[PDB]
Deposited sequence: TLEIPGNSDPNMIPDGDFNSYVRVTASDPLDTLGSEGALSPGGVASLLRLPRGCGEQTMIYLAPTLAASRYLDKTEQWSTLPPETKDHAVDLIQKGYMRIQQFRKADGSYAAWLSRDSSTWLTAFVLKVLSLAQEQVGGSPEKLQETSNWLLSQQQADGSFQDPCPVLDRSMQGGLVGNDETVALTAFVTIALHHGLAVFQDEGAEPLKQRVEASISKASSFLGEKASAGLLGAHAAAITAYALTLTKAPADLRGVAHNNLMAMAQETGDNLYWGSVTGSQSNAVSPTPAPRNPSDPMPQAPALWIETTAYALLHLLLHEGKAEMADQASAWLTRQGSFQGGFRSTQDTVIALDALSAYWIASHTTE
């Protein structure tokens, strides 16, 4: 949807929290047009504008980076585990084109590992002020949603680790992703998780190649909640929560099976949600939905 997506290309501004609210979707929109090959249908300078925006956000967000590589709305404010993980995931991807000292990111990953518990979960000592940017995470399954979110972030960070110099860290990050996936796998099995917790967990396990048995239980636990009401598949006009939850389920399926019935049934439901006047309605649902649909495209245009 060319122009509609390019509309998400915005200028970052404000504190550390507001900057990501603009950067995250800007980077997501750009990546969507970069993968679907729809740049040509837009003015040739648009890409130079998009690229220039992503770069400005990268620099600006670094002004909110602490010595230990953690982030918060302000330097004087205590760091948020969620925000730090969110920044890591975005910047890791932004590396795709903008270049950035991989050491900065390796350090941020080290900080995250100190936030992990003995049971494998993650805690956020000082949550972000604008809780609406966190999406479906805010709720009764916050600990699970946070642990899954942070795991995904660490995975993306690994892809930007220097060759050889940081072998020890890499392993400590893989060991961390293992305990968390263990914790997540146990929670998914119990069956007490909500729709959003189920979706993000499934994707987290699949994306990080968790033990088959674990990934299998998370998948089944998810499908059981699927909502095939019409020739539309979805989880949860539609509230942001459902869009975010369904987009996570899609990234899972595309990595769990590929491009089957459910992949298309769900990819058509959120396509109609993002087509409405104004597109998606918030940080998380917008970002994850665009990542899902762009990943789906490639799967359908091989």
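A.B. asks: Relative to the deposited sequence, which regions have no modelled C-alpha positions in the structure?
C.D. replies: Several stretches lack coordinates - namely 1-39, 276-299, 366-367, in sequence order.
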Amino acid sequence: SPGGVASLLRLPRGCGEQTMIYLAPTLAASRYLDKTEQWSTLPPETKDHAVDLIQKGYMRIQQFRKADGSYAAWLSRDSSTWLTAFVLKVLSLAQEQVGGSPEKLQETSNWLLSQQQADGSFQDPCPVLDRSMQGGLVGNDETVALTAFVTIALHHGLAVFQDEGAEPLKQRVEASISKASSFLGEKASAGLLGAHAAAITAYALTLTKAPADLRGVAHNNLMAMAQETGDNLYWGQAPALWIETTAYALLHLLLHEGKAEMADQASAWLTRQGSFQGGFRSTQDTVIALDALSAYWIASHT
From here on, numbers count along this sequence of modelled residues.
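A.B. asks: Can you tell me which stretch has the higher mean Cα B-factor, 44-52 or 63-71?
C.D. replies: Of 44-52 and 63-71, the stretch with the higher C-alpha B-factor average is 44-52.
A.B. asks: Determine, for stretches 275-283 and 17-25, which one has the higher mean CA B-factor as deposited.
C.D. replies: Mean CA B-factor is higher for 275-283.
A.B. asks: Of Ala148, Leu137, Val160, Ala199, which one's C-alpha B factor is largest in the deposited record?
C.D. replies: Answer for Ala148, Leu137, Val160, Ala199: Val160, with the highest C-alpha B-factor.
A.B. asks: Going by the deposited entry, which of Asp124, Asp78, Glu164, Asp141 has the highest CA temperature factor?
C.D. replies: Spelled out: the listed residue with the top C-alpha B-factor is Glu164.
A.B. asks: Could you say whether, by C-alpha temperature factor, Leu33 belongs to the lowest, middle or highest third of its chain?
C.D. replies: Its C-alpha B-factor, which the entry lists for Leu33, ranks in the highest third among residues of this chain.
A.B. asks: Within this chain's modelled residues, let me know which third the CA B factor of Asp130 belongs to: lowest, middle or highest.
C.D. replies: It falls in the bottom third of the chain.
A.B. asks: Taking only the Cα B-factors deposited for this chain, tell me whether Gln227 sits in the lowest, middle or highest third.
C.D. replies: Highest third, going by the recorded CA B-factors of the chain.
A.B. asks: What third of the chain, by the recorded C-alpha B-factor, contains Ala94?
C.D. replies: According to the entry, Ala94 has a C-alpha B-factor in the chain's highest third.
A.B. asks: Could you place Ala260 in the lowest, middle or highest third of its chain by Cα temperature factor, using the values in the record?
C.D. replies: Highest third of the chain for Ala260's C-alpha B-factor.
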